[PDB]
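Engineer: okay, here's the opening piece of the assembly, coordinates as they are in the complex:
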Amino acid sequence: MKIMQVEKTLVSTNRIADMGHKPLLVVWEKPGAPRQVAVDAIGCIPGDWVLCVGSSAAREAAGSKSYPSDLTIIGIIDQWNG
Amino acid sequence: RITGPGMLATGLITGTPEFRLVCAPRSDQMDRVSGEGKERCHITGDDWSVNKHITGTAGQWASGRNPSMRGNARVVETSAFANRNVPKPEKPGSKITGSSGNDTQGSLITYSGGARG
Amino acid sequence: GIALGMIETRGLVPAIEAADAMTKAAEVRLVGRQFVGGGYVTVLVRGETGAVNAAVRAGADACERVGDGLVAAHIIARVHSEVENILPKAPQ
Amino acid sequence: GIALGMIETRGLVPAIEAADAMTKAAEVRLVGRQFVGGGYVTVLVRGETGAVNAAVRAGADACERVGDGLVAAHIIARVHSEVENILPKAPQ
Amino acid sequence: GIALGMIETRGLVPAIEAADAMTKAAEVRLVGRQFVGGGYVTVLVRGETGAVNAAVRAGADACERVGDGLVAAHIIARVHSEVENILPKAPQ
Amino acid sequence: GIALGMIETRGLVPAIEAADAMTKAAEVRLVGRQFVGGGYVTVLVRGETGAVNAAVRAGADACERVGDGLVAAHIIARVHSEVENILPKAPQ
Amino acid sequence: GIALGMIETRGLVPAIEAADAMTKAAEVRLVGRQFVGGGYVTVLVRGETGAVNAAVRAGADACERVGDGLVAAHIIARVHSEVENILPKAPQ
């Protein structure tokens, strides 16, 4: 798992039906770092330090063993200073 | 004997000295006029609908005016939709080996001479 | 005329229909429409006894099949002056 | 009038009918008509004890077949002094 | 246009939908939205008879699968001047 | 006495009856009556714990057969100070 | 953004959950929370169509199992100008 900060929301209107109704966030390890997209399974707001799961673990965390996520937020870190 | 408002709502009024789905399912109904001319939804009040007593604009009043005859012409549609189930010959198979993008499960692709692509 | 006519309905539509039908039927004045809670709406008319009789019956017939329907159609020929305090005068 | 009478109905029309019957029946002052929530209406009358007794009997009989009907007819001969604070003084 | 078209819903979402559909379906002026109590919401439109006829059919069709749905679809072609007092003029 | 005793009823009449009963049964002060929505009404008393206990038990027996009756009788012996801000201080 | 998204719920907690999930999911502005009557709560968002689509889809899934649940989840991409008058501009 990685620790990332939510930067913004991401919207893709044409995305594949398998993503369901899941929200998508732009996350980066740090301001200015490379941007990744994570499924938001929790409900996170911009500026939050969140914990991100990758691989197969991401799929189940995002609702199913067959979900199309390789990156899912799985928790907000109560206190983190980055 | 006496008609007027006194004959209404009998059995509903109290205080008198004597006392003292809207829309019809889509599967079941198909509308004669679609759009704003639909009738599937019950509209109460002063709507434009016509009851039993009413005669005159459509029906025999439109259909009886001009004489017509219907033939029994020979009708067989020739179209892409009609040809959807046209007999087709046996689909070609591919016997090639070697890496060639040889998918057998997708849509049918053909090559020159009818070959499977 | 001091006779009170009253229609109660489940929903506003039957109430508006009732009010329209009543005032069209007879010489009555519309004095209020009240939202009671739970979806009850009451429409109230004033006028002379017969006019209110004709009106309330007209409203009842009119709104019975409308929406969720009629709850009450009631007449009081003369209300006690105490009850004037809980009756609307004009509809605002 | 120390006494208190209350009638509760489903809808306003039975409440009006109850109020009228209560006040015609006996020397009781209507002090409130309350929209409780959910369709409940309460009418409250004050008066001398026997007057309240008679007024709540009448009310109950008057409103019972009107609309959605009667929920409660109740008499409290002398309410505790604390209760007086939650009691309406004049209908609003 | 002085005809009234009215839609009553269980919930606000079906009401907003009825409203949008009605206003898009015909030349009708939306004059009100009313919270009636208990979850009922009524949308009221005005316009000419044909327009209203068309608008209410559109609202009904559109809102019926939305939320808790449709209670009533109704038209009053000619509205009595008295009822106008209980009819919202412009929605607020 | 700082304990809180509460009774909730379906309708105002059981609530008034409960309040009368509670103040009469024990050394409790009435601090509120709240219309909660949907027909629920709540009566709140304050006092020493045992008094509140005697009172709520009496309010419950008294209201259970009045109208639509009782929903809840509850006691809270020490109210956290945060809860005091949502509690009515004296009855309106 | 001029598209509209609306979520209706049975109870207020599912409404907040839906509102939070919408606002988190995309760039929509929450412009209103309406207490409809009867326990219906509606939440309205406004923004660009895609954002709105995403926001509603997310809120619907988020509040469906919260409390008493979801009633409706609706999107109106282009809103008739008449319907703007009945739509809240800022949350109260």
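Structural biologist: Yes, it's here. Numbers count the residues shown, from 1 in each chain, chains lettered A, B, ... in the order given.

Engineer: How many residues are close by residue 17?
Structural biologist: Because you didn't say which chain, this covers chain A. Neighbours of residue A:17 under the rule other Cβ atoms under 10 Å in any protein chain shown: 6. C-beta here means a position set from N, CA and C on the backbone, and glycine is covered the same way.

Engineer: ah, no, chain C please
Structural biologist: By other Cβ under 10 Å, neighbour count at residue C:17 equals 32.

Engineer: what does the one 4 residues further on give?
Structural biologist: For residue C:21, the tally of surrounding residues (other Cβ under 10 Å) stands at 27.

Engineer: How about chain B: which residue is closest to chain D?
Structural biologist: Per Cβ to the nearest Cβ, residue B:14 is where chain B lies closest to chain D, at 5.2 Å.

Engineer: which residues does that residue form a beta bridge with?
Structural biologist: For residue B:14, the beta-bridge partners under DSSP bridges are residue C:74.

Engineer: pretty sure it is in contact with residue C:76, am I right?
Structural biologist: No: under the criterion of Cβ atoms under 8 Å, residue B:14 makes no contact with residue C:76, lying 9.9 Å away.

Engineer: for residue C:55, phi and psi?
Structural biologist: phi -60, psi -50 (degrees, to the nearest 10).

Engineer: Touching, it and residue C:26? I think so.
Structural biologist: Yes: contact criterion Cβ under 8 Å: residue C:55 and residue C:26 qualify, at 4.2 Å.

Engineer: Now list whatever residues contact both of these two.
Structural biologist: B:5, C:47 (Cβ atoms under 8 Å, 6 or more residues apart in numbering or on different chains).

Engineer: higher neighbour count, those two?
Structural biologist: Counted by other Cβ under 10 Å, residue C:55 and residue C:26 do not tie: residue C:55 has more neighbours, with 31 against 22.

Engineer: Chain H comes next; put it on the structure above:
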Amino acid sequence: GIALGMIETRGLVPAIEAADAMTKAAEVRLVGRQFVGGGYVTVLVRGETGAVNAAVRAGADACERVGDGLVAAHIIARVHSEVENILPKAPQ
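Structural biologist: Let me add chain H to what's already shown:
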């Protein structure tokens, strides 16, 4: 903190009790009590995540057998800034 804990109950008594179990259990501030319509009451707390968590678990166990009981028990760790505008800030 900015976590939000919410309990929604059928009736006010379970709500006060939930508010009370919640604020005793953990360091949370009660920012609100809300009458939703239809009998639903919501109590709202705020605090750090752990605290809100502990409060919502305590409040939910406490109100479940009180009155008409519990409808929902929900937590949101980090409330979106748009949702803050539909949230009560002081109970009042």
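
Engineer: What about the neighbour count of residue C:17 again, now that chain H is present?
Structural biologist: 32.

Engineer: which secondary structure element contains it?
Structural biologist: In the assignment (DSSP states H and E), residue C:17 maps to helix C:12-25.

Engineer: quick one: contacts for the closest residue to chain H within chain A?
Structural biologist: Residue nearest to chain H within chain A (Cβ to the nearest Cβ): residue A:45, separated by 5.0 Å. Residue A:45 sits next to A:6, G:24, H:78-81 when contact means Cβ under 8 Å, 6+ apart.

Engineer: again, 10 Å this time
Structural biologist: A:6, A:9, A:25, A:76, G:20, G:23-24, H:2, H:76-83 (Cβ atoms under 10 Å, 6 or more residues apart in numbering or on different chains).

Engineer: and the residue most central in space within chain A, helix, strand or coil?
Structural biologist: With the centre of chain A defined as its mean C-alpha position, the nearest residue by Cα atoms, centre = their mean is residue A:38, 2.4 Å away. Of the three states, residue A:38 takes strand under DSSP: H, G, I helix; E, B strand; the rest coil.

Engineer: how far away is the residue nearest to the spatial centre of chain B from chain E?
Structural biologist: Central residue of chain B (Cα atoms, centre = their mean): residue B:30, 4.5 Å from the mean position. To chain E, residue B:30 is 14 Å away according to Cβ to the nearest Cβ, to the nearest Å.

Engineer: quick check, that residue in a strand?
Structural biologist: No: read with three-state DSSP, residue B:30 is coil and lies in no strand.

Engineer: who in chain C is up against chain G?
Structural biologist: C:35, C:37-39 (Cβ under 10 Å from any Cβ of the partner chain).

Engineer: picking that back up, now do the phi/psi pair for the residue of chain A closest to chain H.
Structural biologist: Torsion angles, degrees, to the nearest 10, at residue A:45: phi -110, psi 160.

Engineer: Include this sequence as chain I:
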Amino acid sequence: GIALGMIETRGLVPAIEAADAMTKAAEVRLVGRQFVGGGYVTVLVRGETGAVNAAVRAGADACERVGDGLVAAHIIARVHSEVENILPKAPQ
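Structural biologist: If we add chain I to the chains shown above, we get the following:
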């Protein structure tokens, strides 16, 4: 009021209950308690006629199952001035 309500019991406990119950029930004043011999005990209440009917009905129902219970529940709506001399005036 000058009406006399009287209750007679077998033993003091039912009499005290009778007295409490009568005074709580209606606007009556307790004027006396008399020990009679043999265990008979009499409570007396004065007040307006209706208030005394209400008070004695309550008193009777209250002491009947208490201890040895009720012997007599009687009302006199006007007392002759001669009987006033053998009547206790102020209790104790």
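
Engineer: so, the contacts of residue A:45 revisited with chain I in the model?
Structural biologist: The neighbours of residue A:45, taking Cβ under 10 Å, 6+ apart as the test, are A:6, A:9, A:25, A:76, G:20, G:23-24, H:2, H:76-83.

Engineer: ok, for residue 30, nearest residue in space, not its chain neighbours?
Structural biologist: Using chain A here. Leaving aside its sequence neighbours, residue A:30 sits nearest to residue A:82 (Cβ to Cβ, 6 or more residues apart in numbering or on different chains; 6.3 Å).

Engineer: You answered for a different chain; I wanted chain C.
Structural biologist: residue E:82 (4.5 Å).

Engineer: That neighbour contacts residue C:46, correct?
Structural biologist: No: under the criterion of Cβ atoms under 10 Å, residue E:82 makes no contact with residue C:46, lying 11.1 Å away.

Engineer: Tell me how many other residues crowd residue B:39.
Structural biologist: 14.

Engineer: Give me the secondary structure label for the residue of chain A found nearest chain C.
Structural biologist: Chain C sits closest to residue A:21 of chain A, with a gap of 32.6 Å, by Cβ to the nearest Cβ. Here residue A:21 is recorded as coil under three-state DSSP.

Engineer: Regarding chain A, what is its longest strand?
Structural biologist: strand A:2-9 (DSSP state E).

Engineer: next SSE after it?
Structural biologist: As assigned by DSSP H and E, the chain's next helix or strand after strand A:2-9 is strand A:24-28.

Engineer: Now the residue of chain B found nearest chain A: phi and psi?
Structural biologist: At 18.7 Å from chain A, residue B:106 is the closest residue in chain B, using Cβ to the nearest Cβ. Residue B:106 adopts backbone torsions of phi -80, psi -160, taken as degrees, to the nearest 10.

Engineer: Contacts only, for residue C:18.
Structural biologist: C:5-9, C:33, C:41-43, C:45, C:55-56, C:58-64, C:66, C:70, C:73, E:83.
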